[PDB]
Amino acid sequence: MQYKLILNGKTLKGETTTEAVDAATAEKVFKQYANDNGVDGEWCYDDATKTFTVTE
Ligand SMILES: *SCC1=CC(C)(C)N(O)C1(C)C
C-alpha cells in the first residue's frame, strides 16, 4: 500500500511515496530517509490519509 511523507524541514521541503506492508514499516523507511538527509523534526501520522508529516 502507498504511504506519503511530507517533509516540512528548514532546508528540505517536499513530498514522496513508497509501497510498504503496513504503516509500521513505512515509518522506518521514512525515518531512515529523513536521517540520511539530516532531518530532525516532529512526526505525525494520519491513518485516514496514510500521510507521515515531519516538521523542523
Ligand atoms: S500529530 C501533529 C498534530 C497533532 C494535532 C494536535 C492534532 N495537530 O493539530 C497537529 C497536526 C499539529
Side-chain angles (χ1 to χ4, degrees):
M1 192 184 182
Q2 187 204 85
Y3 294 79
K4 193 212 302 180
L5 169 62
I6 303 183
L7 293 83
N8 295 284
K10 289 249 166 293
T11 66
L12 274 158
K13 295 298 220 97
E15 61 178 4
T16 178
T17 58
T18 54
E19 323 284 314
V21 178
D22 47 22
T25 308
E27 182 179 23
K28 287 129 190 170
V29 176
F30 289 158
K31 289 258 185 176
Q32 168 175 358
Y33 268 169
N35 303 342
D36 295 341
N37 288 265
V39 175
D40 184 77
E42 316 206 295
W43 293 66
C44 197
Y45 176 72
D46 195 349
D47 210 341
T49 72
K50 271 67 188 178
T51 298
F52 291 84
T53 58
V54 46
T55 303
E56 296 181 324

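Throughout, numbering of the chain's residues begins at 1 and tracks the sequence. These values consider heavy atoms only, across backbone and side chains, with no hydrogens, waters or symmetry-generated copies.
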Asks: Is there a path of hydrophobic side-chain contacts, each under 4.5 Å between heavy atoms of I, L, V, M, F, W or Y residues, that connects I6 with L12?
Replies: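 No, separate clusters.
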
Asks: Any ring pair (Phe, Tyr, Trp, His ring centres under 6.0 Å) involving residues 9-34? Give me the pairs, sequence neighbours left out, ordered by first then second residue.
Replies: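 Found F30-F52.
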
Asks: With sequence neighbours excluded, give me every ring pair (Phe, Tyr, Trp, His ring centres under 6.0 Å) pair touching residues 7-26.
Replies: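 Sorted result for residues 7-26: empty, none.
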
Asks: Measure across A20 and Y3 and return the closest heavy-atom pair with its distance rounded to 0.1 Å.
Replies: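 For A20 versus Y3, the nearest heavy atoms are O-CE1, 4.2 Å.
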
Asks: Check side-chain hydrogen bond (donor to acceptor under 3.5 Å, both in side chains) between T55 and all other residues, then give those that pass, not counting sequence neighbours.
Replies: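 By the side-chain hydrogen bond (donor to acceptor under 3.5 Å, both in side chains) rule, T55 matches no residue at all.
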
Asks: Please report the shortest heavy-atom distance between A23 and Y45, naming the atom on each side.
Replies: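 Result for this residue pair: CB-OH, 3.3 Å.
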
Asks: Provide the closest heavy-atom pair for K50 versus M1 in the form atom of the first, atom of the second, distance.
Replies: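 Shortest heavy-atom separation between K50 and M1 comes out as CE-CE, 3.6 Å.
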
Asks: Please give me the minimum heavy-atom distance between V54 and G41, naming the atom from each residue.
Replies: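 Result for this residue pair: CG2-CA, 4.0 Å.
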
Asks: Answer yes or no: is there a side-chain heavy-atom contact under 4.5 Å between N8 and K13?
Replies: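 Yes, side chains in contact.
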
Asks: In Å and rounded to the nearest 0.5 Å, what is the OG1 to NZ distance from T49 to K4?
Replies: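 Rounded to the nearest 0.5 Å, the OG1-NZ separation comes to 7.0 Å.
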
Asks: Got a sec, which residues hit side-chain contact (heavy atoms from CB on, under 4.5 Å) with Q2, two or more places apart in sequence or on another chain?
Replies: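 side-chain contact (heavy atoms from CB on, under 4.5 Å) check on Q2 returns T17, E19.
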
Asks: State which residues pass side-chain hydrogen bond (donor to acceptor under 3.5 Å, both in side chains) with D40; sequence neighbours excluded, sorted by chain then number.
Replies: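 Checked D40 against side-chain hydrogen bond (donor to acceptor under 3.5 Å, both in side chains); zero matches.
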
Asks: Using the side-chain hydrogen bond (donor to acceptor under 3.5 Å, both in side chains) criterion, which residues pair with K31? Sequence neighbours excluded.
Replies: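 side-chain hydrogen bond (donor to acceptor under 3.5 Å, both in side chains) list for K31, sorted by chain: empty.
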
